[PDB]
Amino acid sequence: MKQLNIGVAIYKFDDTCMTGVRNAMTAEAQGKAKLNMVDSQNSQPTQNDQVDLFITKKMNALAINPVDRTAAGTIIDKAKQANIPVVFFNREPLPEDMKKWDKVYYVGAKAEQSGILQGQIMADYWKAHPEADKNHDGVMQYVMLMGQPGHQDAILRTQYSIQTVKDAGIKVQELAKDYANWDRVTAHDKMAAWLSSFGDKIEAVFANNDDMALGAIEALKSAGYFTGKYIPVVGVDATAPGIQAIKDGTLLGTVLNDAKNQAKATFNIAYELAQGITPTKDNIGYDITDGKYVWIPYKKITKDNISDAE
């Protein structure tokens, strides 16, 4: 067969979710196309250099997980000039940037949905457990661990999780919120400081992803929770360690971020484009929305259906 080369840039390799995505992409590509996969080390200048090299090396298609998703416009400019099609994934280009060229696609998921499902987990717990309102004021005191500033999943999961709790008829009070950039250790450090400041005032913890929820859980353990003393913590992704924390009883719930189907859709699009074929639902195996987007559903995960994540 003809060798097809796809340039793949991952925003950083030390991201738990994106490790799942790139491993699944590598599995899908086996026997079909050569992935030239690089680590952008959470640096857009690094990724810009990598994209330039992909283009110089005449990749047949690009699959880019952009560090700064607002940089997708400049990446599209370069790709258009080189006539190399590009699919973006997981970090979403701005909608007007997507209209710059007709060989540009995006694969991801509707972050609003993951926020809603998060909020439902917490609201349902709150309604079933009167003891959760530790200061008996009829208000849920919570803290919020956000992802990276400006990332669409951080913006939308933060907004929709809490709006969903309010929509469920529950009054809320935000004690603290901060960016922990999807990182376990940073979330741990933020949560530890909050526990020193506010202590038993905290009644609920929301995190935009599992790694941050897990860091929060470690700070909570250190402060005496989850032995004997309980607090509900919710995340997003249903990674292997997230699933383990659900089983341990330390994570109340999460939302499956379907890396396997996002990887398949991304690969399939890049593979068709590498062959000079326009993606269709028939030839990539997924619905295409607004001519450019493939949205993969999120799914609620608690101890009640932990096998749905496995």
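Sequential numbering from 1, following the sequence displayed.
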Count of coordinate-less deposited residues separating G228 and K229, as none, 1 to 3, 4 to 9, or 10 or more?
-> 1 to 3
Of 153-161 and 73-81, the one with larger mean CA B-factor = 73-81
On average, which has the higher Cα B-factor in the deposited entry, 133-141 or 104-112?
-> 133-141
Entry record, C-alpha B-factors for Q47, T266, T56, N65; the maximum is at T56
Have a look at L256, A33, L252, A270 and flag the one whose Cα has the highest B-factor in the entry.
-> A33
Which third, lowest, middle or highest, does the CA B-factor of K201 fall in along this chain?
-> middle
Would you check the entry's CA temperature factor for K177 and let me know if it's in the chain's lowest, middle or highest third?
-> middle
Determine, from the deposited record, the chain-internal third of the Cα B-factor for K166: lowest, middle or highest.
-> middle
Thinking about Cα B factors across the chain, which third does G147 belong to?
-> lowest
Mind checking which third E96 falls in for C-alpha B-factor across the chain?
-> highest
